[PDB]
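Handing you this structure, nothing more for now.
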Amino acid sequence: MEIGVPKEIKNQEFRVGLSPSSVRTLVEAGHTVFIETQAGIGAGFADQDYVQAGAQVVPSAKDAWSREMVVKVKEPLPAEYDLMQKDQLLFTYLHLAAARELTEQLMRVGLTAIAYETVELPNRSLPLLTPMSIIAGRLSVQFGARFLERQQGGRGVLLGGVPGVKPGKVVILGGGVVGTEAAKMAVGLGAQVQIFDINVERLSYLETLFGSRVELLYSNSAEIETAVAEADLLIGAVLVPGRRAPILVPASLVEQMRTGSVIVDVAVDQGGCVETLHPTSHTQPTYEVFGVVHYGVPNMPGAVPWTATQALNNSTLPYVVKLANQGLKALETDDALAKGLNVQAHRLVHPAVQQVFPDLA
Amino acid sequence: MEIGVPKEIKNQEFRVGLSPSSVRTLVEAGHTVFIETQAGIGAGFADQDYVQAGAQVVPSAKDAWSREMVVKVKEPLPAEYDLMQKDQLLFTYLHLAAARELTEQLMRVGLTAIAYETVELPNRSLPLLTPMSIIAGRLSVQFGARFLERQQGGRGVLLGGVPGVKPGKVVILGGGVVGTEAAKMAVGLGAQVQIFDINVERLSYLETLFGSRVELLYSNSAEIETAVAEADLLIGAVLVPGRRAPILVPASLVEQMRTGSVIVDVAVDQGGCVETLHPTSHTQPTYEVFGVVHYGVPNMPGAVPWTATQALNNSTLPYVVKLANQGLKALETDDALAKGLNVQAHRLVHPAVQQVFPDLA
Amino acid sequence: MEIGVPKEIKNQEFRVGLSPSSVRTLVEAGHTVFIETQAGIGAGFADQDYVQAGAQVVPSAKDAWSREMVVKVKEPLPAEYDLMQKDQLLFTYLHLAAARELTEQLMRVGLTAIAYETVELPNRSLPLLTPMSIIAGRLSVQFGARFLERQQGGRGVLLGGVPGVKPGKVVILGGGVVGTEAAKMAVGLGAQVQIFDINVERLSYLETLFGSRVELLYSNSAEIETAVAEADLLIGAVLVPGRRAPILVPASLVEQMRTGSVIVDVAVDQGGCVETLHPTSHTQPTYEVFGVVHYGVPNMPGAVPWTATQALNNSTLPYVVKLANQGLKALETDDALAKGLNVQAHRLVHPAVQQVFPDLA
Amino acid sequence: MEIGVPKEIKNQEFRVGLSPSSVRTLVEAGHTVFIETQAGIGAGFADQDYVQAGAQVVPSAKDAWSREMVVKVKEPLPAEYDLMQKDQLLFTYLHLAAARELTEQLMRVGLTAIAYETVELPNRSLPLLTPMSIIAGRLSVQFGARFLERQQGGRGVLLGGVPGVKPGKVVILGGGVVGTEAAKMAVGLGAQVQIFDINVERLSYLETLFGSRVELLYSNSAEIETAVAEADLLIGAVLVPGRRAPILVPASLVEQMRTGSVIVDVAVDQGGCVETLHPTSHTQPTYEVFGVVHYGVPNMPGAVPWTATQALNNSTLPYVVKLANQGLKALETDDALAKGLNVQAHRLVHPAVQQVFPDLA
Amino acid sequence: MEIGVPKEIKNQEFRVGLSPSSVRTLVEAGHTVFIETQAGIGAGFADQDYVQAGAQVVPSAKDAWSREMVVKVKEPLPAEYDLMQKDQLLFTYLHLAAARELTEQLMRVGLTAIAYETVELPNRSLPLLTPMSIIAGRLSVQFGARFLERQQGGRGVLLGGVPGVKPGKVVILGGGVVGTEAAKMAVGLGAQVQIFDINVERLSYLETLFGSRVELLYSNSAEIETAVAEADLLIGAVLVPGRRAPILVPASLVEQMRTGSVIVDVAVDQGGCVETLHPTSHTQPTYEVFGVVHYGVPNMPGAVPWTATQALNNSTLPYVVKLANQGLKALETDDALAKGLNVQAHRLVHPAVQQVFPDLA
């Protein structure tokens, strides 16, 4: 099949739909791939690398959008609305329940659009999101460390301390994937770490990973208050993929934290468990509330496009190939794919999205 | 004895001569301490904290310089030349072999000046520098990680990678204190690590710390070239405390590195083992040469003043107390202290400094 | 019930159907056991040991084959065809889809034959094969190390290296049971290790076992090529228990490997992922192709009969007892046993074997 | 030479001068050994075991004291004063600077007495004490855990906690041998551990043992107060082998501890760093002060005589053999032995003991 | 809803139905809580702590039993029979199949009684027992160590030994939750450890926890005999929650153990795998049989009420809240709760209990 990859045009998006290794793999299965010049460049992949792999490098986005399957990272933007075609297959992150216009737009055109974020397994795991959740957990600690530096605005604490001096204290709210990758990094820098969770079984599993090196605590208001008051770095890791999280950290609690302490909430764009935290821009990543530093820049994984592109591809790849081979039948061979289907022939097919635009259905 | 602590006035210096715990300790031994208001603030110590400890908080630097012993972090600056007095004891980092004027200035006045950096043990270890060298080793990796982020200018690599994706490669030149603290952090973030050193015995000792988790290699030109060419993060850790280091990394080698790779050299202010690296300012911390990012901001420990002040104090403290108790006799009870003596009664006493200003002697 | 154990007569087979501890256990449940003299000897079990346990030691194979249940390790050989009886229960490794004659032979006679290798659980795990797969994974590294010695034909590399010298690189294709036991050993000797697998979830689980000590990579052609080209020891561990494996390592790739490198493929007898590798004999275990050493001797576990016999017994034992107690009814109490049934009363009952000799059905 | 071993008669002393393995070794070198019946029994060594080894088992202490060399664990008691002889060599723990009468007594008689505790190396290490110091460090945590049980009087805390529940906090004052063996055990039970010491170099070495699993803190009044106030188990491990320790823990500090907390001070018999702690008896091992449980039973190693006897012997053995071979000349071949000499021919030879009984000299 | 918590009156029971953190949580959901004075005291919770949390502290048990829901730890005792009321909800450990009278008694009264021990998940896991099983596993080693001390009656062995001396040997029968928590502690003290189990898959999982640090052995009579004969500490951990365990350790085996060895069987009250072990009292915790020390005191977790109360609450809490919110409907929303139901309106509803008092049904 013909597959195109346009360059991402969203602001600060440097990742790319397919890496050179994926392309090569796709080419070995017959398919032919067209990639817009410079598409791979922000992720560290030159056109040359795409050529060695068997890709035809195209000079314009129009030449990349004109194919049967377009494989991207972000949702299409208005600027590209006119490049889309009637019978395409579109495979990327869509987040339709948040873009009425985009949703209508794909409906008018009539292609079939598959969202990475809704392809779901029998377990209800979202295999195409996890890779990004892992990266975000790991980055949270890297950003946190940076903002604890005095020049960056923090109190000036080294997480690991030095023999004879207290290490930094990291408090993590949420013991899932994100919270666990975060703990790995903090423990790696030598910090003292506490993780809270409401699931004891999860707490039990974590002990098999960390032994007694980390404090594993049940999330109850009383313990949270004490812990939080003593933290140098507070990490919100309750990323329950639908509705906002209950506030575990109220502004009153935040007033009780030390000056130059830092908060990072992985769930910022969706809604976090920290009352005072809201999204910020790249230009002004942080703000203070009570002398406590808030970092609210979203899409953490976008900071490491080289790593992030491959991680995503390792997971999307088997799906891309299934689609290129079977075209639309794969939706009737693959249940998870079937679940990724959001729009087709002018119809809104995704039950969850229908619920949001109940009148679009 | 009366001891004063003025606020550091050097640009971007946030550390303070004595922390509250030191003060308290000093007070319990009879001595009385005077600290200029806000002196502790950049390090996270409010005046109140100094009061609980037994310090008298003074409103002006003049009130802090007027004592028998002044305890500081950095060298005195011209602005303070007129606050110094004839029979003081001055204890701080001086680095006289680099400041002719300062040196003359202390000579005119006639106090006795003891440099933290020359107090040396029979082993020739410099007990008052080590604490900062440890912190600098640990920070090198924290800075390096930050500059590998795409928005910061790097290729966009997560050091630890994710299962299924390659981790970052960190190459460390020098297996001493700095290089070893750096490896600890890199290994902690999940990176693949290589350390080079010319001392096999040192390599042998490192294996007792890391087992087979890190590659321990003999420093020879041939291996260095290969390693370096493949690095995402190159760390210069040859901090031989006198003369500049031989260039282990020539510009030609640097041209061979990947674009978006990062170099950090802990020995920048003194002279590093990387040809192309020179000091930079806080305002413009990095620059590119061959698409390779260079970070040249000196005094790494200044980023974590809270941690750095205590670490320094844990080491200087026993000396400060000896001086406050015995005054000038301690130099004749303590050999290491004796070695810290640089200037006294208008005379340049330090052999190494005499060698530099041979006509000042 | 009466249970016999004949001595294994296949060439180079030193294991035995039941160890002394199993016998004792069987005896405590009423059953009586007959074992041919010297049957246990290649595995390190003298007849005396069988006597203390309650076994009756028999002087001939005929005296051991004449019982209601015969428990063995390998398939019966022509030489023994005439010792078999009409209503026996035979429990051993059969591999019928590869022995037309054996299959016919058991059909003529009319006993019921249960194959260790087809007794399968609801998960489709083959509980009676796993023990051997674990041993084979562990041995692969032990053999590999031996063939890397110069006198054995390899380049002369110590896997662990020594401080200051590069360790050996081990590349493992397949992240399942075999590949994972192999990594354990290689990491144990100090080698640098990479594991490739197509299942990310499997890669994720492996990180919980190894942390960041091993490189966990997605199997794609591009990465495989690079890795393989740099390997000292290449281990094929794709042992998909039915059909041959896709060639992951083509002869062209092998021509690119260093001279004195070694390849071991655990799937040799069934068909491996390395093009150039074919079975060899004990007498001439290895051969060279492109200066690259190939080890092709099958049945790795046969090298450690003492360990291998107990491991097998720990797993077969509960089945042997069920059969001795309930006779043929156990097949209607035990689904897994039911699945092990291959031949009974002149009928070929195993669906998979029928598929191979569709005219035998 | 003839060597005797009497049974220890001190109350609650179950150890014995030589184990069976030592005896055997001594016998193989020519020497002949006489041991009083039941001498080994409290340590788990029956007379039979002594016989197999080559010892002659004697029915009375008189038969054991009558030899050229007597090897014991404790000091001789009045009851045995009359069994001693004029030219014996006595080798045991003496602690003369605390027993005027014993000292005079050995002077009257005229034997040469060598104290285990003063045999000292060029480093001033006391090789024959260390073994007991290691055991005491390990036991401190075992006793501490027991007294934290509610029925034993403590608050009812499990040191390791369980996932979801806080672990116990153990605070250790002193980072030497004792303090380090104690930390090993506490970390082993899953506790949260802090160690304080005044030597940073020692703190640095400890990090090579524990990594970031334990908090390594500089001993200053301020930090001690906070730590101590939060402890479940406080362990005093400043066992400076001459004079009493400075009080690190004043009664005022103890009033600030939680009820049901426990204190153990390894230096009780000599004088500890905890104000309120004094020796207690086996019959009433503990007492409360402020609701805080105090354990003051001395000679911790006496609780594990089997382990303690061998540990001691492994160290004394080479000395016992040197003495049996060279008799009194060994003191002029061995400097450390020379230093162990306390009394000889009616003369008090030990400089330290002379200082205490300056008129005995 | 109104919730009461009476003080536990059973002998040596110091735990309490709800901790202060639970109370607070319950109060934040509307409910109001009444706790008898001193109820929390044996667990380390003063009334004051209950007040801060929102509890009303009541002066009598009658004031605590008079509520709609009573939350306790142990079964009601005759002394309280008259405090119970007709429409209460009772939630505690009941163990009815062992108390005919209690059972009848709850039947007369007519409340609904829910047993912690029968609330069961689809897996048949008993979520409200596990917390206690974990604690008991950990304590087994702490008690064992204590009884190996000479004064306590054991041979005088330190589990960890010291370099140069043999460590203690711990043999654990049963590889489940209890046996695994026990191994964690023993390994933590430095002991040599063997675990036996009949499930190889379980043995396989344990290797992922311990690597090669522990010996993982299949439970067969022959190996058990040898192991046991060499043990210093034998731990019975076959706690199959219904019927007694098969005797793995017969008196004959016990006669073969060393004198001063210790046995602890976690399953004592229910019936253990050690023939000679029977329950003992607090007053006389142990007894000897063949010179081998037996510890038979039941309810190990009662020794650490502070830890044990929170652990239990972390698990019961979500159930208590569901009951307080939905009252009796929760039994028809929650299957696990439904399974906890034992008695209601004069009827014996629990199938297992009916089987025991078949005439009560």
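Going by the order they are written in, the chains are A, B, C, D and E; count residues from 1 in each one.
Methods note: a residue touches a chain if its C-beta (ideal position, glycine included) is under 8 Å from a C-beta of that chain, and two chains touch if they have at least 3 such contacts.
The minimal number of chain-to-chain contact steps leading from chain D to chain E is 1. Matching A-C against the pairs in C-E, A-D or D-E identifies C-E as its interface repeat (over half of contact pairs the same by residue number). Separating the CA-averaged centres of chain B and chain D is a span of 43 Å.
A separation of 38 Å divides the Cα centre of chain A from that of chain B.
Taking the mean of the C-alpha atoms as each chain's centre, chain B and chain C sit 60 Å apart.
Contact with two or more other chains is made by residues 200, 208, 218 of chain C. All chain pairs in contact, by the document's touch criterion: A-B, A-C, A-D, A-E, B-C, B-D, C-E, D-E. If you check the complex, the residues on chain D that touch chain E are 12, 14, 42-44, 131, 134-135, 138-139, 142, 145-146, 148-152, 155-158, 160-162, 164-166, 184-185, 187-190, 259-260, 282, 302-308, 310-311, 314. By the touch criterion given at the top, residues 200, 208, 218, 220-223 of chain E touch chain C in their complex.
If you check the complex, the residues on chain C that touch chain B are 160, 163-167, 187, 190-192, 200, 203-204, 206-207, 211-213, 215-218. Interface residues of chain A facing chain C in the complex, by the touch rule stated above, are 20-22, 24-25, 28, 53, 208-209, 310, 314-315.
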